[PDB]
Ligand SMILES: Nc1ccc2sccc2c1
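Okay, so here's just one chain, in structure tokens, the form solved without 1-benzothiophen-5-amine (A1H0G).
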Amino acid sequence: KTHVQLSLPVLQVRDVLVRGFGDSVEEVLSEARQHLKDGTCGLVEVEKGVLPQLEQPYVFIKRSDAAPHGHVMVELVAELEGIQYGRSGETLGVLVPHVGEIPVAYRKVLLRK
């Protein structure tokens, strides 16, 4: 399937144990896709002071369309030193590995895979 229905655990930035996916744009996009498939991917909602507490490169989910079955359609964009790799809509949040942190909520998404 070109799209996969996922429910992403929403984590508080200060609970996150593993604060990024890796060390290159290609690696973080790779790792993010693997974690999304394996159900080991969390989402941190971006507010003032969040991103400086996470590791670059960042992986964002961005709205790719204006929402089947409640699931917002999203795609991945990475960022490193203010340059983004990809083009998409509004940020739903930043992806991080999930290693058993308790979420505050779930974000239903349809991921272009």
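Position 1 is the first residue in the sequence shown; the rest follow in order.
Deposited residues omitted from coordinates between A66 and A67, as a class
Count of unmodelled residues in between: 1 to 3.
Averaging only over Cα atoms, indicate whether 51-59 or 69-77 has the higher B-factor in the PDB entry.
Mean C-alpha B-factor is greater for 69-77.
Going by the mean C-alpha B-factor recorded in the entry, which is higher: 13-21 or 87-95?
Averaged over C-alpha atoms, the B-factors run higher in 87-95.
Among modelled residues of the same chain, the CA temperature factor third for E45
Its C-alpha B-factor, which the entry lists for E45, ranks in the middle third among residues of this chain.
Beyond what is shown, the protein has a form deposited with 1-benzothiophen-5-amine (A1H0G) bound; the following relates to that form.
Might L36 be said to contact 1-benzothiophen-5-amine (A1H0G) in the bound PDB entry, defining contact as any heavy atom within 4.5 Å?
Contact with 1-benzothiophen-5-amine (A1H0G), yes.
1-benzothiophen-5-amine (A1H0G) contact in the bound PDB entry: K108, any heavy atom under 4.5 Å:
Close contact is absent here: in the bound PDB entry, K108 is far from 1-benzothiophen-5-amine (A1H0G), nothing within 4.5 Å, heavy atoms only.
Taking 1-benzothiophen-5-amine (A1H0G) in the bound PDB entry, which residues along 1-35 bring a heavy atom to within 4.5 Å of it?
Read in sequence order, the residues that approach 1-benzothiophen-5-amine (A1H0G) (within 4.5 Å, in the bound PDB entry) are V4, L6, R33.
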